[PDB]
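Asker: You'll find start-v1.cif just under this line, and it carries mmCIF, C-alpha atoms.
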```cif
data_run
#
loop_
_atom_site.group_PDB
_atom_site.id
_atom_site.type_symbol
_atom_site.label_atom_id
_atom_site.label_comp_id
_atom_site.auth_asym_id
_atom_site.auth_seq_id
_atom_site.Cartn_x
_atom_site.Cartn_y
_atom_site.Cartn_z
ATOM 1 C CA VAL A 3 51.828 51.510 3.716
ATOM 2 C CA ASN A 4 49.132 53.319 1.587
ATOM 3 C CA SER A 5 45.654 55.018 1.930
ATOM 4 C CA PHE A 6 43.495 52.130 0.573
ATOM 5 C CA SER A 7 41.068 50.795 3.248
ATOM 6 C CA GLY A 8 38.631 47.838 3.590
ATOM 7 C CA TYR A 9 40.176 45.695 0.796
ATOM 8 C CA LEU A 10 40.318 41.894 0.939
ATOM 9 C CA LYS A 11 43.756 40.567 -0.026
ATOM 10 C CA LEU A 12 43.503 37.966 -2.851
ATOM 11 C CA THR A 13 47.245 37.537 -3.555
ATOM 12 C CA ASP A 14 50.611 39.127 -2.745
ATOM 13 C CA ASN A 15 49.702 42.056 -5.067
ATOM 14 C CA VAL A 16 45.943 42.025 -5.818
ATOM 15 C CA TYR A 17 43.297 43.435 -3.472
ATOM 16 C CA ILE A 18 39.503 43.740 -3.966
ATOM 17 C CA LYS A 19 36.661 45.804 -2.447
ATOM 18 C CA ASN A 20 32.897 46.321 -3.100
ATOM 19 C CA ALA A 21 33.062 50.016 -3.918
ATOM 20 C CA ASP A 22 32.170 52.723 -6.414
ATOM 21 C CA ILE A 23 35.508 53.471 -8.155
ATOM 22 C CA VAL A 24 34.460 57.159 -8.418
ATOM 23 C CA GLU A 25 33.926 57.420 -4.612
ATOM 24 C CA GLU A 26 37.135 55.485 -3.979
ATOM 25 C CA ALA A 27 39.147 57.778 -6.268
ATOM 26 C CA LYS A 28 37.660 60.908 -4.616
ATOM 27 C CA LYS A 29 38.706 59.549 -1.147
ATOM 28 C CA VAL A 30 42.220 58.160 -1.914
ATOM 29 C CA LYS A 31 43.405 60.463 -4.762
ATOM 30 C CA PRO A 32 45.529 57.580 -6.024
ATOM 31 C CA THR A 33 48.522 58.231 -8.259
ATOM 32 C CA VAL A 34 46.705 56.160 -10.961
ATOM 33 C CA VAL A 35 43.009 55.388 -11.564
ATOM 34 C CA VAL A 36 42.311 53.025 -14.467
ATOM 35 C CA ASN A 37 39.479 53.799 -16.869
ATOM 36 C CA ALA A 38 37.602 51.066 -18.783
ATOM 37 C CA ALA A 39 38.149 52.914 -22.046
ATOM 38 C CA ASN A 40 37.288 52.239 -25.684
ATOM 39 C CA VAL A 41 39.647 52.971 -28.611
ATOM 40 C CA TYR A 42 37.917 56.327 -29.346
ATOM 41 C CA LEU A 43 38.052 57.446 -25.674
ATOM 42 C CA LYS A 44 34.288 58.091 -25.907
ATOM 43 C CA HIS A 45 33.341 57.928 -22.219
ATOM 44 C CA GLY A 46 29.582 57.318 -22.588
ATOM 45 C CA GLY A 47 28.659 54.633 -20.100
ATOM 46 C CA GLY A 48 29.867 52.084 -17.608
ATOM 47 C CA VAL A 49 32.936 52.973 -15.585
ATOM 48 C CA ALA A 50 34.100 55.476 -18.237
ATOM 49 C CA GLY A 51 30.831 57.393 -18.244
ATOM 50 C CA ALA A 52 30.875 57.535 -14.430
ATOM 51 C CA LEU A 53 34.535 58.706 -14.197
ATOM 52 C CA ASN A 54 33.996 61.284 -16.930
ATOM 53 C CA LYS A 55 30.784 62.623 -15.267
ATOM 54 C CA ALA A 56 32.716 62.999 -11.962
ATOM 55 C CA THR A 57 35.272 65.239 -13.821
ATOM 56 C CA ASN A 58 32.424 67.463 -15.125
ATOM 57 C CA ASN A 59 33.305 66.276 -18.704
ATOM 58 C CA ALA A 60 36.924 67.515 -18.459
ATOM 59 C CA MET A 61 38.121 63.917 -19.072
ATOM 60 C CA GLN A 62 36.145 63.857 -22.368
ATOM 61 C CA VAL A 63 37.483 67.268 -23.476
ATOM 62 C CA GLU A 64 41.078 66.147 -22.830
ATOM 63 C CA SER A 65 40.388 62.804 -24.536
ATOM 64 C CA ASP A 66 38.965 64.425 -27.676
ATOM 65 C CA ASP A 67 42.173 66.477 -28.055
ATOM 66 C CA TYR A 68 44.258 63.269 -27.526
ATOM 67 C CA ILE A 69 42.364 61.427 -30.280
ATOM 68 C CA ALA A 70 42.486 64.401 -32.667
ATOM 69 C CA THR A 71 46.311 64.384 -32.322
ATOM 70 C CA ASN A 72 47.097 60.647 -32.034
ATOM 71 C CA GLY A 73 44.195 58.690 -33.498
ATOM 72 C CA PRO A 74 42.458 55.750 -31.778
ATOM 73 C CA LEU A 75 44.050 53.389 -29.271
ATOM 74 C CA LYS A 76 44.508 49.682 -30.024
ATOM 75 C CA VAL A 77 42.304 47.079 -28.329
ATOM 76 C CA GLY A 78 44.635 45.868 -25.538
ATOM 77 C CA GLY A 79 46.397 49.252 -25.466
ATOM 78 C CA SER A 80 46.398 52.279 -23.178
ATOM 79 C CA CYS A 81 47.348 55.901 -22.738
ATOM 80 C CA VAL A 82 48.138 58.006 -19.684
ATOM 81 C CA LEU A 83 46.127 61.238 -19.320
ATOM 82 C CA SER A 84 45.233 63.518 -16.442
ATOM 83 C CA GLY A 85 43.332 62.159 -13.451
ATOM 84 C CA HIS A 86 41.609 65.546 -13.067
ATOM 85 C CA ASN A 87 39.928 65.763 -9.637
ATOM 86 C CA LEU A 88 40.051 61.977 -9.128
ATOM 87 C CA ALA A 89 43.740 60.966 -9.247
ATOM 88 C CA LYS A 90 47.113 62.288 -10.408
ATOM 89 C CA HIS A 91 46.822 60.268 -13.638
ATOM 90 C CA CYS A 92 44.175 58.233 -15.456
ATOM 91 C CA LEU A 93 45.417 55.142 -17.280
ATOM 92 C CA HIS A 94 42.846 54.610 -20.042
ATOM 93 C CA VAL A 95 42.991 50.865 -20.845
ATOM 94 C CA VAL A 96 41.047 49.200 -23.681
ATOM 95 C CA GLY A 97 39.933 45.703 -22.848
ATOM 96 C CA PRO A 98 38.189 43.701 -25.587
ATOM 97 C CA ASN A 99 34.446 44.349 -25.841
ATOM 98 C CA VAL A 100 32.687 40.970 -26.316
ATOM 99 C CA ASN A 101 29.513 42.889 -27.471
ATOM 100 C CA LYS A 102 31.697 44.125 -30.460
ATOM 101 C CA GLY A 103 33.085 40.550 -31.075
ATOM 102 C CA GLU A 104 36.711 41.375 -29.965
ATOM 103 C CA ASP A 105 39.224 38.581 -29.109
ATOM 104 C CA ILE A 106 39.105 37.826 -25.328
ATOM 105 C CA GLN A 107 42.854 36.809 -25.560
ATOM 106 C CA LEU A 108 43.467 40.592 -25.808
ATOM 107 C CA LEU A 109 42.424 40.846 -22.132
ATOM 108 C CA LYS A 110 45.901 39.688 -21.026
ATOM 109 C CA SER A 111 47.534 42.376 -23.214
ATOM 110 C CA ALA A 112 45.162 44.961 -21.659
ATOM 111 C CA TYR A 113 46.171 43.998 -18.106
ATOM 112 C CA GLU A 114 49.883 44.091 -19.034
ATOM 113 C CA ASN A 115 49.555 47.918 -19.167
ATOM 114 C CA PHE A 116 49.056 47.905 -15.384
ATOM 115 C CA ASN A 117 52.649 46.618 -14.916
ATOM 116 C CA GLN A 118 53.989 50.072 -15.960
ATOM 117 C CA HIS A 119 52.591 51.539 -12.690
ATOM 118 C CA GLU A 120 53.621 50.548 -9.155
ATOM 119 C CA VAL A 121 50.134 51.046 -7.617
ATOM 120 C CA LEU A 122 46.706 51.412 -9.312
ATOM 121 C CA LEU A 123 43.015 51.710 -8.424
ATOM 122 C CA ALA A 124 41.160 49.821 -11.169
ATOM 123 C CA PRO A 125 37.953 48.144 -12.319
ATOM 124 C CA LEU A 126 37.866 44.626 -13.715
ATOM 125 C CA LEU A 127 38.727 45.000 -17.413
ATOM 126 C CA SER A 128 36.177 43.890 -19.981
ATOM 127 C CA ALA A 129 33.516 43.411 -17.225
ATOM 128 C CA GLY A 130 30.130 45.167 -17.095
ATOM 129 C CA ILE A 131 28.947 46.483 -20.466
ATOM 130 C CA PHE A 132 32.125 45.108 -22.171
ATOM 131 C CA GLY A 133 30.482 41.686 -21.931
ATOM 132 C CA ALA A 134 33.266 39.433 -20.549
ATOM 133 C CA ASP A 135 32.884 37.062 -17.596
ATOM 134 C CA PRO A 136 34.154 39.032 -14.545
ATOM 135 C CA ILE A 137 35.400 35.789 -12.917
ATOM 136 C CA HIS A 138 37.639 35.289 -15.975
ATOM 137 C CA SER A 139 38.742 38.941 -15.849
ATOM 138 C CA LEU A 140 39.825 38.569 -12.192
ATOM 139 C CA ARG A 141 41.799 35.392 -13.026
ATOM 140 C CA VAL A 142 43.626 37.125 -15.928
ATOM 141 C CA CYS A 143 44.322 40.114 -13.624
ATOM 142 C CA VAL A 144 45.873 37.918 -10.914
ATOM 143 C CA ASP A 145 47.894 35.942 -13.460
ATOM 144 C CA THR A 146 49.134 39.042 -15.409
ATOM 145 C CA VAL A 147 49.513 42.041 -13.096
ATOM 146 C CA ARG A 148 52.614 42.017 -10.882
ATOM 147 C CA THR A 149 52.274 45.574 -9.509
ATOM 148 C CA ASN A 150 49.902 46.426 -6.695
ATOM 149 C CA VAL A 151 46.305 46.642 -7.896
ATOM 150 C CA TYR A 152 43.287 47.695 -5.820
ATOM 151 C CA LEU A 153 40.151 46.465 -7.627
ATOM 152 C CA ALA A 154 36.811 48.249 -7.049
ATOM 153 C CA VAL A 155 33.728 46.175 -7.863
ATOM 154 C CA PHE A 156 30.498 48.270 -8.007
ATOM 155 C CA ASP A 157 27.987 45.382 -7.782
ATOM 156 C CA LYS A 158 27.766 43.788 -4.240
ATOM 157 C CA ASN A 159 26.293 40.552 -5.612
ATOM 158 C CA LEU A 160 29.161 40.224 -8.130
ATOM 159 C CA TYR A 161 31.778 41.127 -5.470
ATOM 160 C CA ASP A 162 30.533 38.285 -3.221
ATOM 161 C CA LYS A 163 30.593 35.824 -6.149
ATOM 162 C CA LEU A 164 34.152 36.909 -7.169
ATOM 163 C CA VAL A 165 35.461 36.350 -3.604
ATOM 164 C CA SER A 166 33.583 33.079 -2.982
ATOM 165 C CA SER A 167 34.744 31.553 -6.324
ATOM 166 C CA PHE A 168 38.377 32.784 -6.169
ATOM 167 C CA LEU A 169 40.942 29.997 -6.378
#
```
Output the file's structure as structure tokens, nothing else.

Answerer:
Amino acid sequence: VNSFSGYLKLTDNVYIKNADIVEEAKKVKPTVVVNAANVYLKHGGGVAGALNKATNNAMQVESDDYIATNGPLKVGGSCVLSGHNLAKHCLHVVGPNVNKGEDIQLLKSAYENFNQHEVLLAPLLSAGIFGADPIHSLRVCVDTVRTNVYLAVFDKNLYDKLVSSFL
């Protein structure tokens, strides 16, 4: 049993809810929250901007030190950093950004990072301002992630379309 509430079960291991991932993280304090990161860990907008704002910019300060030491992530890659006030850890995962022309096949590689963690609270990778089709993102998630993933979908209209169209 765990602390996640109000989720619809899609598969053995994937669950979904219409929720603000920031508000969900603050309530649950999951072991892992996933950030929709870019390779520079510049948390300006979308999910990343919202998570970083909720940490009072401490996520960005930590991220700047990580990049200064290690250089940029790979598209499809990840790093584990602090979850600050939101979670024990934040898994920063880089899905391809269609608005930068990145290869959508890298979305599967991005989701493979989730398999290193038994339970995660996450957004749909490459959705929102990353430009991918969220229906596609949910399909890749279900077909790639084997660990237990609790997906938060901000937009109620999109949530209802994801559920209604789910095969």

Asker: With the file shown as input, list the residues that the PyMOL selection byres ((chain A and resi 37-51) around 7) selects, as number ranges by chain.

Answerer: A: 35-36, 52-55, 62, 65, 69, 74-77, 92-96, 127, 130-131

Asker: Counting all atoms listed in the file, which of A:155, A:12, A:34, A:165 gets nearest to residue 123 of chain A?

Answerer: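 Looking only at the distances to residue 123 of chain A, the closest residue turns out to be A:34.
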
Asker: What would the list of residues within 12 Å of (37.2, 34.1, -5.8) (file frame) look like as a list in words, if all atoms listed in the file are what count?

Answerer: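 Output of the proximity query reads residues 10, 11, 12, 13, 16, 17, 18, 136, 137, 138, 139, 140, 141, 144, 160, 161, 162, 163, 164, 165, 166, 167, 168 and 169 of chain A.
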
Asker: Enter the distance from atom CA of residue 113 of chain A to atom CA of residue 64 of chain A, in Å, rounded to one decimal.

Answerer: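 Taking atom CA of residue 113 of chain A and atom CA of residue 64 of chain A, their separation equals 23.2 Å.
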
Asker: For the provided coordinates, the residues matched by the PyMOL selection byres ((chain A and resi 24) around 8) should be stated as a list in words.

Answerer: residues 22, 23, 25, 26, 27, 28, 52, 53, 56 and 88 of chain A

Asker: From the options A:33, A:15, A:150, A:128, which residue's atoms come nearest to residue 103 of chain A, counting only C-alpha atoms?

Answerer: A:128

Asker: From the structure block, carefully write segment 27-109 of chain A out with C-alpha atoms; format it as a PDB file, in the first residue's frame.

Answerer:
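Resulting contents of out10.pdb:
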```
ATOM      1  CA  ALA A  27       4.285  16.171  -4.460  1.00  0.00           C
ATOM      2  CA  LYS A  28       3.607  18.525  -1.505  1.00  0.00           C
ATOM      3  CA  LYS A  29       0.857  16.115  -0.242  1.00  0.00           C
ATOM      4  CA  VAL A  30       2.546  12.693  -0.796  1.00  0.00           C
ATOM      5  CA  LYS A  31       6.275  13.545  -0.368  1.00  0.00           C
ATOM      6  CA  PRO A  32       7.059  10.680  -2.734  1.00  0.00           C
ATOM      7  CA  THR A  33      10.488   9.060  -2.722  1.00  0.00           C
ATOM      8  CA  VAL A  34      10.844  10.249  -6.377  1.00  0.00           C
ATOM      9  CA  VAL A  35       9.223  13.111  -8.324  1.00  0.00           C
ATOM     10  CA  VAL A  36      10.145  13.273 -12.015  1.00  0.00           C
ATOM     11  CA  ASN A  37      10.975  16.622 -13.591  1.00  0.00           C
ATOM     12  CA  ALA A  38      10.415  17.339 -17.310  1.00  0.00           C
ATOM     13  CA  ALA A  39      13.972  18.606 -17.645  1.00  0.00           C
ATOM     14  CA  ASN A  40      16.090  19.912 -20.515  1.00  0.00           C
ATOM     15  CA  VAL A  41      19.785  19.036 -21.017  1.00  0.00           C
ATOM     16  CA  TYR A  42      20.930  22.305 -19.344  1.00  0.00           C
ATOM     17  CA  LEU A  43      18.624  21.813 -16.312  1.00  0.00           C
ATOM     18  CA  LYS A  44      17.277  25.332 -16.977  1.00  0.00           C
ATOM     19  CA  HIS A  45      13.907  25.115 -15.212  1.00  0.00           C
ATOM     20  CA  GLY A  46      12.143  28.051 -16.918  1.00  0.00           C
ATOM     21  CA  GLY A  47       8.656  26.884 -17.777  1.00  0.00           C
ATOM     22  CA  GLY A  48       6.242  24.003 -17.950  1.00  0.00           C
ATOM     23  CA  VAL A  49       6.514  21.363 -15.256  1.00  0.00           C
ATOM     24  CA  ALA A  50      10.166  22.280 -14.566  1.00  0.00           C
ATOM     25  CA  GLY A  51       9.413  25.949 -13.991  1.00  0.00           C
ATOM     26  CA  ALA A  52       6.545  25.022 -11.649  1.00  0.00           C
ATOM     27  CA  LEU A  53       8.601  22.476  -9.621  1.00  0.00           C
ATOM     28  CA  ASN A  54      11.534  24.873  -9.384  1.00  0.00           C
ATOM     29  CA  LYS A  55       9.276  27.792  -8.263  1.00  0.00           C
ATOM     30  CA  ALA A  56       7.800  25.528  -5.525  1.00  0.00           C
ATOM     31  CA  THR A  57      11.393  24.954  -4.196  1.00  0.00           C
ATOM     32  CA  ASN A  58      11.972  28.748  -4.026  1.00  0.00           C
ATOM     33  CA  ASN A  59      14.662  28.334  -6.780  1.00  0.00           C
ATOM     34  CA  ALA A  60      16.718  25.854  -4.703  1.00  0.00           C
ATOM     35  CA  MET A  61      16.259  23.251  -7.492  1.00  0.00           C
ATOM     36  CA  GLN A  62      17.838  25.704  -9.994  1.00  0.00           C
ATOM     37  CA  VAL A  63      20.760  26.529  -7.662  1.00  0.00           C
ATOM     38  CA  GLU A  64      21.507  22.815  -7.167  1.00  0.00           C
ATOM     39  CA  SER A  65      21.099  22.190 -10.910  1.00  0.00           C
ATOM     40  CA  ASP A  66      23.525  24.961 -11.883  1.00  0.00           C
ATOM     41  CA  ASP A  67      26.207  23.378  -9.659  1.00  0.00           C
ATOM     42  CA  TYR A  68      25.452  19.937 -11.241  1.00  0.00           C
ATOM     43  CA  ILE A  69      25.907  21.314 -14.771  1.00  0.00           C
ATOM     44  CA  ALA A  70      29.053  23.265 -13.850  1.00  0.00           C
ATOM     45  CA  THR A  71      30.605  19.974 -12.621  1.00  0.00           C
ATOM     46  CA  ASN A  72      29.195  17.420 -15.103  1.00  0.00           C
ATOM     47  CA  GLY A  73      28.123  19.258 -18.244  1.00  0.00           C
ATOM     48  CA  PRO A  74      24.736  18.842 -19.968  1.00  0.00           C
ATOM     49  CA  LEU A  75      22.571  15.727 -19.884  1.00  0.00           C
ATOM     50  CA  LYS A  76      21.822  13.724 -23.037  1.00  0.00           C
ATOM     51  CA  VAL A  77      18.371  13.868 -24.644  1.00  0.00           C
ATOM     52  CA  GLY A  78      16.821  10.626 -23.313  1.00  0.00           C
ATOM     53  CA  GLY A  79      19.020  10.788 -20.199  1.00  0.00           C
ATOM     54  CA  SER A  80      18.518  11.688 -16.547  1.00  0.00           C
ATOM     55  CA  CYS A  81      20.145  12.552 -13.258  1.00  0.00           C
ATOM     56  CA  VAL A  82      19.042  12.150  -9.652  1.00  0.00           C
ATOM     57  CA  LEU A  83      19.152  15.317  -7.511  1.00  0.00           C
ATOM     58  CA  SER A  84      17.453  16.451  -4.332  1.00  0.00           C
ATOM     59  CA  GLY A  85      13.667  16.622  -4.148  1.00  0.00           C
ATOM     60  CA  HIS A  86      13.963  19.619  -1.798  1.00  0.00           C
ATOM     61  CA  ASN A  87      10.600  20.265  -0.092  1.00  0.00           C
ATOM     62  CA  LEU A  88       8.683  18.187  -2.663  1.00  0.00           C
ATOM     63  CA  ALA A  89      10.113  14.640  -2.503  1.00  0.00           C
ATOM     64  CA  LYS A  90      13.173  12.760  -1.249  1.00  0.00           C
ATOM     65  CA  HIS A  91      14.686  12.831  -4.756  1.00  0.00           C
ATOM     66  CA  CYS A  92      13.977  14.506  -8.094  1.00  0.00           C
ATOM     67  CA  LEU A  93      14.688  12.419 -11.187  1.00  0.00           C
ATOM     68  CA  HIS A  94      15.373  15.005 -13.902  1.00  0.00           C
ATOM     69  CA  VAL A  95      14.497  13.257 -17.199  1.00  0.00           C
ATOM     70  CA  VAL A  96      15.065  14.783 -20.655  1.00  0.00           C
ATOM     71  CA  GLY A  97      12.428  13.797 -23.152  1.00  0.00           C
ATOM     72  CA  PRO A  98      12.876  14.967 -26.755  1.00  0.00           C
ATOM     73  CA  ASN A  99      11.557  18.476 -27.425  1.00  0.00           C
ATOM     74  CA  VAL A 100       9.672  18.415 -30.768  1.00  0.00           C
ATOM     75  CA  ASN A 101       9.852  22.295 -30.834  1.00  0.00           C
ATOM     76  CA  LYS A 102      13.721  21.826 -31.033  1.00  0.00           C
ATOM     77  CA  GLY A 103      13.365  19.077 -33.752  1.00  0.00           C
ATOM     78  CA  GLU A 104      14.582  16.170 -31.488  1.00  0.00           C
ATOM     79  CA  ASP A 105      13.952  12.490 -32.447  1.00  0.00           C
ATOM     80  CA  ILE A 106      10.657  11.269 -30.856  1.00  0.00           C
ATOM     81  CA  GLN A 107      12.200   7.698 -30.750  1.00  0.00           C
ATOM     82  CA  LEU A 108      14.266   9.094 -27.830  1.00  0.00           C
ATOM     83  CA  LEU A 109      11.033   9.165 -25.778  1.00  0.00           C
TER      84      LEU A 109
END
```
